[PDB]
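Student: There's a structure below that I have some questions on.
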Amino acid sequence: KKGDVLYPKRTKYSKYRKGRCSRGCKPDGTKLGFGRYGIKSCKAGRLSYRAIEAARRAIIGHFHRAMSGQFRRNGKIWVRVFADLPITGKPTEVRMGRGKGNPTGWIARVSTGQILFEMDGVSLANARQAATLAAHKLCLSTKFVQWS
Amino acid sequence: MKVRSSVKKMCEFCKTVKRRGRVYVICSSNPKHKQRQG
Amino acid sequence: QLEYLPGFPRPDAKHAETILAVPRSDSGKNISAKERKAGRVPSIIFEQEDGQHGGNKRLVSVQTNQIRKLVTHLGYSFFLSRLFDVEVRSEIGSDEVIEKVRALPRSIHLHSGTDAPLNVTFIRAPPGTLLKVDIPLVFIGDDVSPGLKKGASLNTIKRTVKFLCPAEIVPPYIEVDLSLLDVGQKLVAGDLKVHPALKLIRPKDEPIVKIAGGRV
Amino acid sequence: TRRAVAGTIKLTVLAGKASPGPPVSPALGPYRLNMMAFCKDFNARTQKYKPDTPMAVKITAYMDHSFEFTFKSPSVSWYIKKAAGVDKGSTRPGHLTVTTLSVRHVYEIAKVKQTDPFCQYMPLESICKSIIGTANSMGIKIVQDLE
Amino acid sequence: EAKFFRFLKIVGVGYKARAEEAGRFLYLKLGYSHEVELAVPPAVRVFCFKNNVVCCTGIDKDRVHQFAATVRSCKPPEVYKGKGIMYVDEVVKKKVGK
Amino acid sequence: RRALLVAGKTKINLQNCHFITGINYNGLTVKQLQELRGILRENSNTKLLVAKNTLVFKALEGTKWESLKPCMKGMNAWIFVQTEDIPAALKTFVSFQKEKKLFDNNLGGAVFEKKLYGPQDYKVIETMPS
Amino acid sequence: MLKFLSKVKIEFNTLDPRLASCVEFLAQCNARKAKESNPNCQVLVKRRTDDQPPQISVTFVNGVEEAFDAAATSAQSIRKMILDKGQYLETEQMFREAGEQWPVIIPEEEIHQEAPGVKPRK
RNA sequence: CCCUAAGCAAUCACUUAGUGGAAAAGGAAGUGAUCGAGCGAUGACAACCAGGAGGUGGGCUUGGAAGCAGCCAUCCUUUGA
Ligand SMILES: [Mg+2]
Ligand SMILES: [Mg+2]
Ligand SMILES: [Mg+2]
Ligand SMILES: [Mg+2]
Ligand SMILES: [Zn+2]
């Protein structure tokens, strides 16, 4: 939780592998789990928690502005992607090997087809516009998803 | 003239025109809307 | 008594096309890729009876354009809850009809990124066959409901409900009327109006929809 | 007759008390319009009625400083919040009901609202449904009979 | 026979236009220390009238329209008071000079 | 679907119709137009209807009112006289032109007993009474 | 519309199936915008029983009359060439009012003469 | 093709950027192929012409807010609209 920025409160280990992220898909296809509209990724890659929260804030602000009164709060968002992998880094003027560096942030590994956000309680046009607004905060190619 | 990578129509009087192999946005109403891709 | 009751939705005549298929000589990723390069979706026609030893299976290929058009026009869930006529010919535009069957599309695999069709599965449904079908829900009367007039929001908990259905009277959708719903109370799966020959597979105490309290 | 209409202004003046300065001041002074003949013709019309009736006038202003104005009986808003109750409509109409009126006051106002100069061929059911719409606009509730 | 016509308007205090030699030369006064002289091309002729109005005639539509464009480009209209050279049917949209 | 309206409106309009004509409604204000429609409905029994030219005739095709097809050009209002009293129905529009001074809006063409009479021709039929 | 004309005389047989252009021209020229541009103009309508073809015959401000084939051409085409001929007569006018001879004439060989670009010079 | 030994090789398509012969998000929508969707002689699109109304200045807010600062309602009528 922790309000806006999403990462684990604690982890079993502090320092993780780099891993490989350029591959991976959903082998059975993807369907929305909670909402009527959604954003899924088209590529596989890494998303920082700051980028996920920027996209969520863009969707929330667009729903807050485009709708007013009683339907302003009736738009609901689900965040299906969670940055649970810590990344580390080393400072400048430091030579190569004296152990792993200190953790610097959190990332989420995304596969092809993986649903990132889900939306309900809004119109289709507002869902499309919020999906367009959220895609500019993300370094991966995304697509608008509709329940059918 | 506004020079940017993402040129847009920003009103109903904005037309896209291609001149000398370059994309321009011309506007009969608002001269602030005049753009060149680059 | 194996007919759709009056006042209940029936499958639409507009989407009652015949799905055209040609036989397929093999299975695997190689021939599937070669078929998708030729504009066809690999498929299979089988039946319930001998699930071991295959189901009297016939391997076929269907056109990508027809499958894509049907899935786009109907919707994903509406495609999977509606019977179709499947015609199998020796080649595209021939006359040697190999099989003409009334089958339910049991599953369809769309690509996770591009949503192109990769596989369509048809199960033979002659009259008197009982199939487990996920029927999509259509919610009407939300503009009449007192709960949503007061500014409360709709929590749609389920979009499809699983039913054991005789093949004759599989509903294309179930209309859920929300008009007598004010703030707080909910509908369960037992509140859905169906044919008496349809059986709920999941328990009747499963919430379908709930009008939750709007923020004062 | 042939004049291209320069302007058309609506105007609210209580019945018979048209002293041309507070409501008939800048409203006609903005468009060169004369005051004396307009006021004498207006008070020569709304003399048959009780004073302090918030009567509405539409002035068709012209370029030769000529007048062909139409005087209209007051709004159905005033007719409904005088024949129902308080003179304060709802803050959030359709959420906070203020006063309730059945059908008969609606019928009498519809009898009044047919006497306008351009409503001779409108039927009373039409005006009645319109009055229900105006009532719903204000938070005023509508019923069958109050007891 | 000259079929094509295009009419220019001169707006501005002290601004003048004057044709010289059977329409083969145009002279403008545009607030400078000198006169601006334009040589009228072949198959184009120029005239000036008692409305501070320039007229461009001729038999080639391209040359007449281009010469009218050149004359307008000598002093295109400015946005604050509408002074300069403009087409007769051209609408200039003004803005408030603070 | 908007043509289903016109088909139904003229179907109800032709149930007791004896007479179809047209009025050129150029320049008429909305208040003038509604006033003429209301005058024609209480002083006479005739219903006025503005519609497409191509819909009205298509609901007058294979019908008694079949040969009107040439007189279906221009901004037209269709005056379905649903009574028998044609003289009063024609006299009230003459009174309308005299009183309101609208001489650009004329009666153009008519069909009675399957005969297209000119505006020269259906004037003595206003002159005769009953 | 009516800024070059002084009479619009339109006649058509009422029953003939080619009356569309004439009645549409009556729609164009009897408008509120049209008669506030020339209240001095006359619009004459002649309804006739005989079978002459429909004819729109206008005359201009300088006495020039130019008839039209109303049964074969649309009212927008009639309006377009009325605008063109009226503009041409207005151009010819201030030409004669300012002492210039009309029509202005040039020899038809200066097209083949080379024309260098017009550079304004002091 | 020449430099450079051997084809201005053959057939059907595509591009006109010297792309080919370096470079992403994003923009623009050139030019083809296939499948759809919607509207269309019941006359569509583009163009020209004429209207675009009445309850009503909806209620609140409010120095004023009258279709159009802001909040709530957003119905009805006559209509070709
Ligand atoms: Mg295998
Ligand atoms: Mg060699
Ligand atoms: Mg290169
Ligand atoms: Mg590139
Ligand atoms: Zn613009």
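Naming scheme: A, B, ... for chains in displayed order of the structure tokens; residues 1 onward per chain; ligands 1 onward as shown.
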At a cut-off of 10 Å, which residues of chain C touch chain H? Count only C-alpha atoms (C1' of nucleotides) and give the answer as a ChimeraX atom specification.

Tutor: /C:64-66,68-69,72-73

Student: From the DSSP assignment of the backbone, select every residue of range 49-206 of chain C that is strand (DSSP E), and format the answer as a compact mmCIF listing (two decimals) with C-alpha atoms, in the first residue's frame.

Tutor:
```txt
# COMPACT_ATOMS: atom_id res chain seq x y z
CA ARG C 58 -11.98 -34.28 -36.61
CA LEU C 59 -9.17 -31.80 -37.22
CA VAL C 60 -10.28 -28.83 -39.33
CA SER C 61 -9.24 -25.30 -40.22
CA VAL C 62 -11.55 -22.28 -40.37
CA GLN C 63 -11.07 -18.91 -42.03
CA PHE C 84 -23.40 -22.55 -34.76
CA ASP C 85 -23.75 -24.53 -37.98
CA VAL C 86 -20.36 -25.90 -39.05
CA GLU C 87 -19.91 -27.15 -42.62
CA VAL C 88 -16.82 -29.15 -43.59
CA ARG C 89 -15.89 -29.25 -47.28
CA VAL C 97 -19.44 -31.99 -47.83
CA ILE C 98 -17.62 -34.12 -45.26
CA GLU C 99 -19.58 -33.11 -42.15
CA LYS C 100 -22.48 -30.74 -41.46
CA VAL C 101 -22.96 -30.39 -37.72
CA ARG C 102 -24.55 -28.08 -35.15
CA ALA C 103 -21.74 -27.34 -32.69
CA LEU C 104 -20.99 -25.06 -29.76
CA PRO C 105 -17.69 -23.13 -29.80
CA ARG C 106 -16.17 -24.61 -26.66
CA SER C 107 -13.14 -22.32 -26.53
CA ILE C 108 -11.26 -19.77 -28.62
CA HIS C 109 -7.64 -18.73 -28.08
CA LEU C 110 -6.84 -15.13 -28.95
CA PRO C 117 -7.30 -15.92 -33.34
CA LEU C 118 -4.96 -18.86 -32.79
CA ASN C 119 -7.35 -21.76 -32.09
CA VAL C 120 -11.11 -22.37 -32.14
CA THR C 121 -12.63 -25.47 -30.54
CA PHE C 122 -16.06 -26.84 -31.53
CA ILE C 123 -17.93 -29.50 -29.55
CA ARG C 124 -20.68 -31.46 -31.31
CA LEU C 130 -26.12 -31.18 -22.01
CA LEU C 131 -23.22 -28.71 -22.03
CA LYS C 132 -21.65 -26.55 -19.33
CA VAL C 133 -21.97 -23.03 -20.78
CA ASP C 134 -20.88 -19.66 -19.38
CA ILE C 135 -23.81 -17.37 -20.23
CA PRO C 136 -22.98 -13.63 -20.20
CA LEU C 137 -25.17 -11.24 -18.24
CA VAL C 138 -26.86 -8.14 -19.68
CA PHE C 139 -27.82 -5.59 -17.03
CA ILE C 140 -30.87 -3.46 -17.84
CA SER C 153 -22.39 3.00 -7.66
CA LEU C 154 -22.83 -0.45 -9.17
CA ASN C 155 -20.56 -3.32 -8.11
CA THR C 156 -20.87 -5.85 -10.95
CA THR C 160 -20.93 -14.61 -16.70
CA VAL C 161 -22.74 -17.39 -14.82
CA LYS C 162 -22.09 -21.08 -15.44
CA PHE C 163 -25.12 -23.25 -16.25
CA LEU C 164 -25.63 -26.85 -17.32
CA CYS C 165 -27.74 -26.42 -20.44
CA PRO C 166 -29.51 -28.67 -22.92
CA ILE C 174 -29.48 -13.53 -19.43
CA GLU C 175 -31.09 -10.14 -18.86
CA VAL C 176 -30.70 -8.93 -15.26
CA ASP C 177 -33.21 -6.23 -14.36
CA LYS C 186 -27.82 -7.40 -3.75
CA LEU C 187 -28.86 -10.01 -6.30
CA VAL C 188 -27.64 -13.62 -6.15
CA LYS C 199 -29.29 -25.99 -13.64
CA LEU C 200 -26.93 -23.73 -11.72
```

Student: Any residue with an atom at most 12 Å from ligand 5 counts, using only C-alpha atoms (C1' of nucleotides) and all ligand atoms. Which are they? Put them as a list in words.

Tutor: residues 7, 8, 9, 10, 11, 12, 13, 14, 15, 16, 25, 26, 27, 28, 29, 30, 31, 32, 33, 34 and 35 of chain B

Student: What lies within 8 Å of residue 106 in chain D using only C-alpha atoms (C1' of nucleotides), ignoring chain neighbours under 4 positions off, as a VMD selection string?

Tutor: chain D and resid 101 to 102 110 128 131 to 132

Student: Show me, as JSON lines, the residues of chain D having an atom within 10 Å of chain G, each with the closest atom pair and its distance in Å, using only C-alpha atoms.

Tutor:
```
{"residue": "D:2", "atom": "CA", "partner": "G:36", "partner_atom": "CA", "distance": 8.9}
{"residue": "D:3", "atom": "CA", "partner": "G:36", "partner_atom": "CA", "distance": 9.3}
{"residue": "D:4", "atom": "CA", "partner": "G:36", "partner_atom": "CA", "distance": 8.0}
```

Student: Within 9 Å of ligand 2 (counting only C-alpha atoms (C1' of nucleotides) and all ligand atoms), which residues show up? I'd like them as a count of residues only.

Tutor: 4

Student: Name the residues, by chain letter and number, that sit within 9 Å of ligand 1 using only C-alpha atoms (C1' of nucleotides) and all ligand atoms, and give them as a list in words.

Tutor: residues 26, 27, 28 and 29 of chain C

Student: Mind dumping the selected residues with N, CA, C and O atoms as a tab-separated table (two decimals), in the first residue's frame?

Tutor:
```
chain	number	residue	atom	x	y	z
C	26	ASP	N	-2.74	-32.68	-39.75
C	26	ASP	CA	-1.79	-32.90	-38.67
C	26	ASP	C	-2.06	-31.91	-37.54
C	26	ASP	O	-2.92	-31.03	-37.65
C	27	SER	N	-1.32	-32.07	-36.45
C	27	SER	CA	-1.38	-31.20	-35.29
C	27	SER	C	0.03	-30.81	-34.87
C	27	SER	O	1.00	-31.53	-35.15
C	28	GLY	N	0.14	-29.67	-34.20
C	28	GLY	CA	1.41	-29.15	-33.75
C	28	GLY	C	1.59	-27.70	-34.15
C	28	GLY	O	0.80	-27.12	-34.89
C	29	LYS	N	2.68	-27.12	-33.63
C	29	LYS	CA	2.94	-25.71	-33.87
C	29	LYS	C	3.34	-25.44	-35.32
C	29	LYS	O	3.10	-24.34	-35.83
```
